[PDB]
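One chain is shown next in structure tokens, namely the form deposited in one PDB entry.
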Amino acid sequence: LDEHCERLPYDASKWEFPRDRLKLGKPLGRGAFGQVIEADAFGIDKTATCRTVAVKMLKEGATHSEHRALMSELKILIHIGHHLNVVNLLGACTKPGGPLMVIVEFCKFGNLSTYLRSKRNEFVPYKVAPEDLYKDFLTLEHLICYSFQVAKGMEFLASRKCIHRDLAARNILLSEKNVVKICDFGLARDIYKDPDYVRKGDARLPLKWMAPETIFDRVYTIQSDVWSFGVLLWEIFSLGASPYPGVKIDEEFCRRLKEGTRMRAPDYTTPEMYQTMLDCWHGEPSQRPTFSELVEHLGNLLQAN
């Protein structure tokens, strides 16, 4: 349903937030044409309550085309609606005289790739030592829990007839109480400057996260997002490492992948989590697990761990 966004509704009476009730702060993420800014919103979700929020908007260099793209993103966020594991839309500023602003809840710890890399040294598979009890360490349970939550969020997106197209740990945010939310920086990331995006024709694409059918056939489905989810699992259980370490991402990488070449197990995986990565990476899209099956499986692993 996310291919024809322009026909989706924008109910101003529900979503419109006055620009003067927003106290704009520091940048959280900046692209070439878009940006994400921290802000204090007055009474956006609870009467007369200040709330820290994240605001997506355009910047110098953007054109009317990026403005139309941002409005489509607002419409799809409305269609998607709320779930614990998706960043929740809180409001928007669309009235003339100011920039189009898309306001979502704030996720204090930022993107999951940077977070896990920063916390790599503070990881223990199992907190079992009596002295280690009051140490805020990441454990296997936390990693499986983040994995399970992203699958729940993706299952939810799928139920809304939407697909992600850029699922990766950089598009996962961490909030308080170990809650992770799916986001999509999009224009608020500078893909022409970001090494995760590689020139493949006239577009800069996240090649290391793409299914062979996306690279070779330009096919995007929920099952290609499952492939991306497998790559995300590898990022989680490598504690924020970059995929395919030491591999030049060229025509040869793409052919080897298309032929069945896969990544080796990351350093912090359990045998079952690596098997789950291999299952998401099945060459045949229909043979990959679905998000509903991944939710059930990860929920089982979380209960077994």
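Counting begins at 1, following the sequence as shown. Here the rigid core means the biggest group of C-alpha atoms that line up within 1.5 Å when the two forms are laid on top of each other.
Across the other PDB entries of this protein whose models span the neighbouring residues, residue 201 goes unmodelled in a third or more.
Missing-residue comparison: residue 103 falls in the unmodelled set for none of the other PDB entries checked, so it is not missing from a third of them.
Once the C-alpha B-factors are averaged per stretch, 196 to 204 and 221 to 229 rank with 196 to 204 first. Stretch comparison (265 to 273 versus 54 to 62) by mean CA B-factor in the PDB entry places 265 to 273 on top. The maximum CA B-factor among the listed residues 77, 180, 128, 162, taken from the PDB record, is found at 128. As recorded in the entry, 123 carries the highest CA temperature factor of 148, 115, 123, 156.
In the PDB entry, a CA B factor belonging to the highest third of its chain's modelled residues is recorded for residue 250. When the modelled residues of the chain are ordered by their C-alpha B factor, residue 37 lands in the lowest third. Per the PDB record, residue ranking by Cα B-factor puts residue 69 in the lowest third of the chain. Looking at the C-alpha B-factors along this chain, the one for residue 284 belongs to the highest third. Residue 135: CA B factor lies in the highest third for its chain, per the PDB record.
The form deposited in another entry is left out here; the points below concern that form.
After superposition on the rigid core, the Cα of residue 256 moves by 2 Å or more between this form and the one not shown. After superposing the rigid core, the C-alpha of residue 26 moves by less than 2 Å between this form and the one not shown. Once the cores line up, the CA of residue 280 ends up less than 2 angstroms apart between this form and the one not shown.
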